[PDB]
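Below: entry-v9.cif (mmCIF, C-alpha atoms and all ligand atoms)
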```cif
data_final
loop_
_atom_site.label_atom_id
_atom_site.label_comp_id
_atom_site.auth_asym_id
_atom_site.auth_seq_id
_atom_site.Cartn_x
_atom_site.Cartn_y
_atom_site.Cartn_z
CA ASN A 1 78.78 118.93 117.59
CA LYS A 2 81.54 119.32 120.23
CA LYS A 3 83.68 116.34 119.13
CA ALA A 4 83.55 117.40 115.46
CA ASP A 5 84.84 120.87 116.31
CA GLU A 6 87.47 119.56 118.73
CA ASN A 7 88.79 117.01 116.25
CA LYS A 8 88.97 119.59 113.45
CA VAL A 9 90.89 122.06 115.63
CA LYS A 10 93.33 119.41 116.79
CA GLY A 11 93.86 118.01 113.30
CA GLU A 12 94.42 121.37 111.63
CA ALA A 13 96.87 122.37 114.37
CA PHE A 14 98.76 119.10 113.94
CA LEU A 15 99.04 119.33 110.13
CA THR A 16 100.16 122.97 110.33
CA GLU A 17 102.91 122.12 112.80
CA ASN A 18 103.98 118.88 111.01
CA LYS A 19 104.40 120.38 107.51
CA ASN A 20 107.48 122.35 108.72
CA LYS A 21 109.33 119.32 110.10
CA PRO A 22 112.38 117.88 108.26
CA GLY A 23 111.43 114.94 106.12
CA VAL A 24 107.73 115.82 105.97
CA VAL A 25 106.61 115.86 102.33
CA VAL A 26 103.37 117.75 101.66
CA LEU A 27 101.48 116.74 98.54
CA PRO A 28 99.02 118.96 96.65
CA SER A 29 96.06 117.02 98.08
CA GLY A 30 97.13 117.85 101.62
CA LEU A 31 98.40 114.35 102.33
CA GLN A 32 101.71 114.47 104.24
CA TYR A 33 104.27 111.61 104.57
CA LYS A 34 107.75 110.92 105.97
CA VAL A 35 110.05 108.14 104.79
CA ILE A 36 111.01 105.88 107.69
CA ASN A 37 112.87 103.26 105.61
CA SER A 38 113.32 103.25 101.83
CA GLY A 39 112.65 100.11 99.81
CA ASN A 40 113.81 99.35 96.26
CA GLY A 41 110.79 97.48 94.85
CA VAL A 42 108.07 98.47 92.42
CA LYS A 43 105.45 101.05 93.20
CA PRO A 44 101.85 99.78 93.05
CA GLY A 45 99.40 101.04 90.52
CA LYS A 46 95.78 101.89 91.22
CA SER A 47 94.54 98.45 90.13
CA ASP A 48 97.16 96.46 92.06
CA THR A 49 96.89 94.55 95.32
CA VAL A 50 99.33 95.15 98.17
CA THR A 51 100.39 93.22 101.31
CA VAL A 52 101.29 95.56 104.20
CA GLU A 53 101.99 95.77 107.96
CA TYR A 54 100.49 98.91 109.49
CA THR A 55 99.41 100.80 112.60
CA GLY A 56 96.86 103.62 112.63
CA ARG A 57 96.60 106.19 115.40
CA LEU A 58 94.89 109.44 116.24
CA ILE A 59 96.81 112.63 116.95
CA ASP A 60 96.54 112.02 120.70
CA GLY A 61 98.47 108.75 120.21
CA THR A 62 95.58 106.32 120.49
CA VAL A 63 96.10 103.29 118.27
CA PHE A 64 92.80 102.21 116.67
CA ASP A 65 93.99 99.42 114.32
CA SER A 66 97.19 97.46 113.74
CA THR A 67 98.60 94.28 112.28
CA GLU A 68 101.32 94.19 114.98
CA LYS A 69 101.54 90.92 117.00
CA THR A 70 98.72 89.39 114.84
CA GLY A 71 101.05 87.04 112.95
CA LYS A 72 99.79 88.09 109.52
CA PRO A 73 100.07 91.11 107.22
CA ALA A 74 96.95 92.64 105.73
CA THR A 75 96.00 92.69 102.03
CA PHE A 76 94.17 95.46 100.19
CA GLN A 77 93.30 96.48 96.66
CA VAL A 78 94.93 99.90 96.28
CA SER A 79 91.75 101.70 95.25
CA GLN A 80 89.41 100.16 97.86
CA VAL A 81 90.82 101.99 100.86
CA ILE A 82 90.56 105.60 102.00
CA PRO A 83 91.91 108.20 99.56
CA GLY A 84 94.98 109.00 101.64
CA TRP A 85 96.04 105.35 101.45
CA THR A 86 95.22 105.03 97.74
CA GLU A 87 97.42 108.05 97.02
CA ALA A 88 100.24 107.13 99.40
CA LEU A 89 100.53 103.50 98.31
CA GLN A 90 101.08 104.48 94.66
CA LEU A 91 104.16 106.54 95.68
CA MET A 92 105.75 103.78 97.81
CA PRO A 93 108.42 101.42 96.43
CA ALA A 94 107.82 97.91 97.73
CA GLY A 95 109.89 97.29 100.84
CA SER A 96 109.39 100.81 102.15
CA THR A 97 108.07 101.94 105.52
CA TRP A 98 106.47 105.38 105.61
CA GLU A 99 104.54 107.40 108.15
CA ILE A 100 101.56 109.13 106.53
CA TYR A 101 99.45 111.99 107.96
CA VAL A 102 95.95 111.91 106.44
CA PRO A 103 93.70 114.99 106.68
CA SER A 104 90.17 114.00 107.64
CA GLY A 105 88.88 114.90 104.16
CA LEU A 106 91.12 112.17 102.66
CA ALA A 107 89.97 109.70 105.32
CA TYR A 108 86.44 109.38 106.85
CA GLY A 109 85.39 113.03 106.69
CA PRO A 110 83.17 115.22 108.84
CA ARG A 111 80.04 113.01 109.14
CA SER A 112 81.95 110.03 110.64
CA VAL A 113 79.22 109.70 113.36
CA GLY A 114 81.55 107.87 115.77
CA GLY A 115 82.94 104.44 116.59
CA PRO A 116 86.72 104.10 116.37
CA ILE A 117 86.95 107.13 114.07
CA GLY A 118 84.67 110.06 114.78
CA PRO A 119 84.12 113.24 112.78
CA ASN A 120 86.97 115.28 111.35
CA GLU A 121 89.70 112.89 112.51
CA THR A 122 93.15 113.34 111.04
CA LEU A 123 94.76 109.90 110.97
CA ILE A 124 98.42 108.90 111.28
CA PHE A 125 99.63 105.56 109.89
CA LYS A 126 102.92 103.65 109.89
CA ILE A 127 102.77 101.57 106.63
CA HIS A 128 105.35 98.91 105.69
CA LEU A 129 104.67 97.87 102.09
CA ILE A 130 105.77 94.24 101.85
CA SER A 131 104.73 93.23 98.37
CA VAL A 132 102.73 94.29 95.30
CA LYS A 133 100.62 91.92 93.12
CA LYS A 134 99.79 93.24 89.64
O1 LIG B 1 90.38 102.27 104.23
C1 LIG B 1 90.53 101.64 105.28
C2 LIG B 1 91.61 102.10 106.26
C3 LIG B 1 92.99 102.08 105.59
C4 LIG B 1 93.50 100.65 105.41
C5 LIG B 1 93.58 99.98 106.77
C6 LIG B 1 92.22 99.98 107.46
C7 LIG B 1 91.15 99.04 106.86
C8 LIG B 1 91.05 97.74 107.63
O2 LIG B 1 90.21 96.79 106.99
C9 LIG B 1 89.79 99.74 106.77
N1 LIG B 1 89.68 100.63 105.60
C10 LIG B 1 88.53 100.35 104.73
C11 LIG B 1 87.22 100.32 105.48
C12 LIG B 1 86.32 99.30 105.31
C13 LIG B 1 85.13 99.32 106.01
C14 LIG B 1 84.88 100.36 106.86
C15 LIG B 1 85.83 101.34 106.99
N2 LIG B 1 86.99 101.34 106.31
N3 LIG B 1 91.66 101.35 107.52
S1 LIG B 1 91.76 102.19 108.93
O3 LIG B 1 91.62 103.58 108.63
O4 LIG B 1 92.91 101.73 109.64
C16 LIG B 1 90.34 101.70 109.87
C17 LIG B 1 90.42 100.59 110.69
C18 LIG B 1 89.30 100.20 111.40
CL1 LIG B 1 89.40 98.80 112.43
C19 LIG B 1 88.10 100.86 111.31
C20 LIG B 1 88.05 101.95 110.47
CL2 LIG B 1 86.55 102.81 110.35
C21 LIG B 1 89.14 102.38 109.74
NA NA B 2 90.53 115.66 119.30
NA NA B 3 103.92 89.81 114.16
NA NA B 4 110.87 98.97 105.36
#
```
Please rewrite the model in this file as structure tokens.
Ligand SMILES: O=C1[C@@H]2CCC[C@H]([C@@H](CO)CN1Cc1ccccn1)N2S(=O)(=O)c1cc(Cl)cc(Cl)c1
Ligand code: NA
Ligand code: NA
Ligand code: NA
Amino acid sequence: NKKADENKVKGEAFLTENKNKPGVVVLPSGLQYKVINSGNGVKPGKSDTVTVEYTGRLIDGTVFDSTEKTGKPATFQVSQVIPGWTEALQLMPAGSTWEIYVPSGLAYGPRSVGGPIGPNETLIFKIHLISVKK
């Protein structure tokens, strides 16, 4: 499928370029992140709930979801989101804003038929962790 190949090529090229940039931390899983603003709060565990502000975009800059201008943050259980978020959240002190770069395998994978997120899409998120509930 043409889109699956295109998205894989673009994502791999992005991650390969981004890993060299100052402030980009590359984890063993392949998840990448960059600290935008450091917070001093607790880090959530895998069973915790979090309140967050966030924006998700594709490599070409297209925003596909955001809490911005909605008037409310979003709430998630740490383990009930995509793996890249589950992993990233557990490293984030409350109060922090990070940009995370999620390889498609830690997001929706290669059979993501279509919709907002098609196959082999590497996803980029700005995540402001507001609070953690144990
Ligand atoms: O795991 C998630 C991730 C990470 C947390 C923020 C959002 C939530 C918004 O509810 C969606 N999920 C879980 C989810 C639930 C149902 C279907 C697909 N993904 N997403 S997302 O990647 O921005 C996203 C947002 C939207 Cl509108 C559609 C999709 Cl398919 C994915
Ligand atoms: Na693409
Ligand atoms: Na707002
Ligand atoms: Na912050």
Within-8 Å residues of ligand NA 3 (chain B), basis all atoms listed in the file, as a ChimeraX atom specification: /A:67-72
Near-ligand residues for ligand NA 2 (chain B), threshold 12 Å, only C-alpha atoms and all ligand atoms, as a list in words: residues 2, 3, 4, 5, 6, 7, 8, 9, 10, 11, 12, 13, 14, 57, 58, 59, 60, 61, 62, 104, 117, 118, 119, 120, 121, 122 and 123 of chain A
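Comparing A:97, A:80, A:49, A:66 by their smallest distance to ligand NA 4 (chain B), the closest is A:97 (using all atoms listed in the file).
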Protein and nucleic residues near ligand LIG 1 (chain B), 7 Å, only C-alpha atoms and all ligand atoms, as a PyMOL selection string: chain A and resi 56+64-65+80-82+85+116-117
Per-residue nearest contacts of chain A to ligand NA 4 (chain B) (9 Å; all atoms listed in the file) as JSON lines:
```
{"residue": "A:36", "atom": "CA", "partner": "B:NA4", "partner_atom": "NA", "distance": 7.3}
{"residue": "A:37", "atom": "CA", "partner": "B:NA4", "partner_atom": "NA", "distance": 4.7}
{"residue": "A:38", "atom": "CA", "partner": "B:NA4", "partner_atom": "NA", "distance": 6.1}
{"residue": "A:39", "atom": "CA", "partner": "B:NA4", "partner_atom": "NA", "distance": 5.9}
{"residue": "A:94", "atom": "CA", "partner": "B:NA4", "partner_atom": "NA", "distance": 8.3}
{"residue": "A:95", "atom": "CA", "partner": "B:NA4", "partner_atom": "NA", "distance": 4.9}
{"residue": "A:96", "atom": "CA", "partner": "B:NA4", "partner_atom": "NA", "distance": 4.0}
{"residue": "A:97", "atom": "CA", "partner": "B:NA4", "partner_atom": "NA", "distance": 4.1}
{"residue": "A:98", "atom": "CA", "partner": "B:NA4", "partner_atom": "NA", "distance": 7.8}
{"residue": "A:127", "atom": "CA", "partner": "B:NA4", "partner_atom": "NA", "distance": 8.6}
{"residue": "A:128", "atom": "CA", "partner": "B:NA4", "partner_atom": "NA", "distance": 5.5}
{"residue": "A:129", "atom": "CA", "partner": "B:NA4", "partner_atom": "NA", "distance": 7.1}
{"residue": "A:130", "atom": "CA", "partner": "B:NA4", "partner_atom": "NA", "distance": 7.8}
```
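Ranking A:35, A:92, A:25, A:113 by their shortest atom-to-atom distance to residue 50 (chain A), with all atoms listed in the file included, puts A:92 first.
With only C-alpha atoms as the atoms that count, the residue of A:77, A:18, A:90, A:55 with the shortest distance to residue 126 (chain A) is A:55.
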Protein, DNA and RNA residues within 6 Å of (111.1, 96.7, 94.8), only C-alpha atoms, as JSON, numbers by chain: {"A": [40, 41, 42, 93, 94]}
Written file, previous selection with C-alpha atoms, as a CSV table (one decimal), in the coordinates of the input:
```
chain,number,residue,atom,x,y,z
A,40,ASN,CA,113.8,99.4,96.3
A,41,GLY,CA,110.8,97.5,94.8
A,42,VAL,CA,108.1,98.5,92.4
A,93,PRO,CA,108.4,101.4,96.4
A,94,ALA,CA,107.8,97.9,97.7
```
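Going from CA of residue 73 (chain A) over to CA of residue 44 (chain A), you cover 16.7 Å.
Taking CA of residue 102 (chain A) and CA of residue 15 (chain A) as the two end points, the separation is 8.8 Å.
Between CA of residue 83 (chain A) and CA of residue 103 (chain A) there is a distance of 10.0 Å.
Each of A:88, A:100, A:74, A:63 was compared to residue 23 (chain A) using all atoms listed in the file, and A:100 turns out to be the nearest.
Across A:124, A:48, A:34, A:84, the tightest approach to residue 107 (chain A) is made by A:84 when counting all atoms listed in the file.
Comparing the minimum interatomic distances between residue 101 (chain A) and each of A:32, A:75, A:86, A:51, counting only C-alpha atoms, we find that A:32 sits nearest.
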